[PDB]
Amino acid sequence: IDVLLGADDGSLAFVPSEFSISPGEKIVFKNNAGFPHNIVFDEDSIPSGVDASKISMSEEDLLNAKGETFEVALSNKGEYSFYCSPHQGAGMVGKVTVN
């Protein structure tokens, strides 16, 4: 599943921002507009026992170039909340459910 980082109208949003996947299904987060961006899973809003570092950028890491991606497949079932650190208060957040 492809997820745009920044909308095609320049809005600081993940597109889509809420979605569901199965285990092992690729997520490709792709810089689109308004970059740099990143994608950080909130350590306190992911499934039991999951290591956020296996699946996340750090808050310091950035995708700097249009078209640059961060790819992650999730395994464990449950809800995962994530955000773009520099744009979180602007609303650049999302939630993926693995079922």
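Numbering starts at 1 and runs along the sequence shown.
Annotation for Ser17, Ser22, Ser11, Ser81: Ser11 ranks highest, by Cα B-factor. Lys26 sits in the middle third of its chain by CA B factor, as recorded in the PDB entry. Among the modelled residues of its chain, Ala33 has a C-alpha B-factor that falls in the highest third, as given in the PDB entry. Annotation for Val3: CA B-factor lies in the middle third of the chain's modelled residues. For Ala65, the recorded CA B-factor ranks within the highest third of the chain. Only modelled residues enter the ranking.
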